[PDB]
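Read the structure below first, then the notes.
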Amino acid sequence: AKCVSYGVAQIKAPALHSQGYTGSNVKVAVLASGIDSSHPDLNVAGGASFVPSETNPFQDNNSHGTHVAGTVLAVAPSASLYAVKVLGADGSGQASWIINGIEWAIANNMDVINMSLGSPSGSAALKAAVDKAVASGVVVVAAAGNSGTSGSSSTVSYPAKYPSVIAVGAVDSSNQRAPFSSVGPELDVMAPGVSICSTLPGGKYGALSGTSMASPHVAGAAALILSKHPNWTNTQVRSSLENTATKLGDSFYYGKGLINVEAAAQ
Ligand code: NA
């Protein structure tokens with residue numbers, strides 16, 4: 001990655017890099033607003049658009065899909081990225097478009113799905129799609145949501161709210177929960193999500209905050225783990241991440257804590 005970001009070090013990715021593991025031969029689908037494939041710092045292996053008004057998955061007129069793509073690569077430099085456009089420029093997308101993208105990712109044998117997206121409601125069909133992906137052996141990772149807190153109520157977004165998905169909240173560089181990071185019993189793990197510097201459309205770079213920034217740290221971690229243990233099932237990869245996370249506080253706000261890819265990759 002050309003832009004320096006603390007988040008890579010924080011999850012202990014450099015430890016795997018030093019072991020020689022960089023996520024080689026792992027297919028990661030980035031379900032977002034597209035990826036700017038013209039960016040010098042990004043290679044994209046394939047993709048598809050399901051947004052009828054924005055037909056090109058290899059451009060990104062929102063900027064977050066490109067940023068998320070770069071974070072996956074910062075953490076797993078050798079991962080193969082696929083641009084699955086399911087959100088438009090304003091960062092919103094119809095429920096069915098997201099399901100179409102999940103079905104594409106399954107049919108094209110993705111190893112990891114990163115969904116840096118989240119709505120206040122899901123659907124039986126959306127749950128069925130992520131459940132199908134998991135059943136098919138895909139590691140499914142999603143941003144927990146940027147809806148802050150609501151007393152004792154869960155504020156975790158969909159599809160992160162579904163048990164089959166790894167719901168990722170955001171911490172800052174001191175492991176403090178970000179004020180916007182969604183909370184609830186469905187929250188699984190945390191990753192760096194405040195002022196993360198990554199790639200932006202038009203060969204640019206910049207810091208962004210959000211659980212959509214936290215999520216690709218975990219998607220990239222799964223790619224590192226798979227490169228060390230390509231025989232591990234999604235079940236084993238998920239278990240390794242949750243079981244070896246660094247405890248940060250109450251699981252309502254923190255899940256199991258901060259991912260530690262060094263520990264996870266045993
Ligand atoms: Na979950």
Side-chain angles (χ1 to χ4, degrees), residues 1 3-8 10-11 28-36 42 60-75 81 83-93 98 101 112-120 122 140-150 154-161 165-184 186-201 204-222 248 253-255 257-259:
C3 202
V4 175
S5 175
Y6 70 89
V8 177
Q10 187 162 336
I11 67 162
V28 181
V30 179
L31 275 64
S33 52
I35 300 176
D36 179 5
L42 305 175
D60 173 12
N61 297 283
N62 167 279
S63 75
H64 287 36
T66 301
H67 196 268
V68 166
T71 294
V72 178
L73 257 21
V75 172
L81 271 23
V84 189
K85 199 183 198 92
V86 296
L87 306 174
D90 64 13
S92 66
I98 294 161
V112 178
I113 288 166
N114 181 88
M115 290 175 290
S116 276
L117 56 79
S119 298
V140 180
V141 190
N146 295 341
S147 296
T149 63
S150 191
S154 172
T155 63
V156 177
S157 291
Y158 297 90
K161 205 170 175 150
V165 175
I166 298 163
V168 181
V171 291
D172 65 19
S173 55
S174 289
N175 292 350
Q176 193 61 217
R177 182 188 149 266
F180 54 81
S181 185
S182 288
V183 296
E186 303 91 355
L187 182 61
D188 296 305
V189 297
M190 310 295 276
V194 176
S195 198
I196 295 305
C197 194
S198 192
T199 44
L200 294 168
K204 288 184 175 306
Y205 307 81
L208 296 177
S209 303
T211 59
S212 291
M213 285 72 251
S215 189
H217 289 84
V218 179
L248 296 184
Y253 303 88
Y254 290 97
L258 171 70
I259 57 152

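Throughout, numbering of the chain's residues begins at 1 and tracks the sequence.
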query = Backbone N or O of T155 within a donor-acceptor pair of the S182 side chain at under 3.5 Å?
reply = yes

inquiry  = Nearest 0.5 Å, please: how far is CE in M190 from OG in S181?
reply    = 4.0 Å

query = Which atoms form the tightest heavy-atom contact between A219 and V28, and what is the distance?
reply = CB-CG1, 4.5 Å

key: Listed partners of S154 passing side chain to side chain contact (heavy atoms under 4.5 Å, CB included), at least two apart   = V156, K161, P185, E186

request  = Could you give me the CA-CA distance, side-chain angles and deciding distance for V168 and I259, then say whether side-chain contact (heavy atoms from CB on, under 4.5 Å) is met?
outcome  = CA-CA 10 Å; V168 181; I259 57 152; over 6 Å; no

inquiry  = Determine whether a donor-acceptor pair (N or O, by modelled atom type, separation under 3.5 Å) exists between the side chain of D188 and the backbone of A167.
reply    = yes

Rounded distance (nearest 0.5 Å) linking atom OG1 of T71 with atom CD1 of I196 = 6.5 Å

inquiry  = For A32, is there any backbone N or O sitting under 3.5 Å from a side-chain donor or acceptor partner on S116?
reply    = no

ask   = Is there a side-chain contact between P192 and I11 (heavy atoms, below 4.5 Å)?
value = yes

remark   = Between the CG atom in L258 and the CD atom in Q10, the distance rounded to the nearest 0.5 Å is 5.5 Å

inquiry  = For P159 versus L117, what's the shortest heavy-atom pair and its separation?
reply    = CD-CD1, 3.7 Å

ask   = What's the shortest heavy-atom distance between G169 and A214, and which atoms?
value = O-CB, 3.4 Å

message = Tell me the closest heavy-atom pair linking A170 and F180, and the distance in Å.
response = CB-CE1, 3.8 Å

key: Donor-acceptor contact present, side-chain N146 to main-chain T211, <3.5 Å   = yes

ask   = Quick one: side-chain hydrogen bond (donor to acceptor under 3.5 Å, both in side chains) partners of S215, sequence neighbours excluded?
value = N114

query = Considering residues at least two apart in sequence or located in another chain, which fulfil the ring pair (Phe, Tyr, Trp, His ring centres under 6.0 Å) criterion with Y254?
reply = none

request  = Over all heavy atoms of both residues, which pair between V165 and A160 is shortest? Give the atoms and the distance, please.
outcome  = CG1-CA, 3.8 Å

query = Between the main-chain N or O of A89 and the side-chain N or O of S33, is there a donor-acceptor pair closer than 3.5 Å?
reply = no

query = What residues, two or more places apart in sequence or in another chain, satisfy side-chain hydrogen bond (donor to acceptor under 3.5 Å, both in side chains) together with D172?
reply = none

query = Under the side-chain hydrogen bond (donor to acceptor under 3.5 Å, both in side chains) test, which residues partner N61, sequence neighbours left out?
reply = none

inquiry  = Looking at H67 and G206, would you say the former's side chain and the latter's main chain have a donor-acceptor pair under 3.5 Å?
reply    = yes

request  = Measure the CG-CG distance between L87 and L31 for me, rounded to the nearest 0.5 Å.
outcome  = 8.0 Å

For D60 against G65, the heavy-atom pair lying closest together = OD2-N, 3.4 Å

request  = Return the set of residues passing side chain to side chain contact (heavy atoms under 4.5 Å, CB included) with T199 (not counting sequence neighbours), or none when no residue passes.
outcome  = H39, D41, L42, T66, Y205

request  = Mark yes or no for whether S5, through its side chain, and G7, through its backbone, hold a donor-acceptor pair below 3.5 Å.
outcome  = yes

ask   = Is there side-chain contact between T149 and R177, with heavy atoms separated by less than 4.5 Å?
value = yes

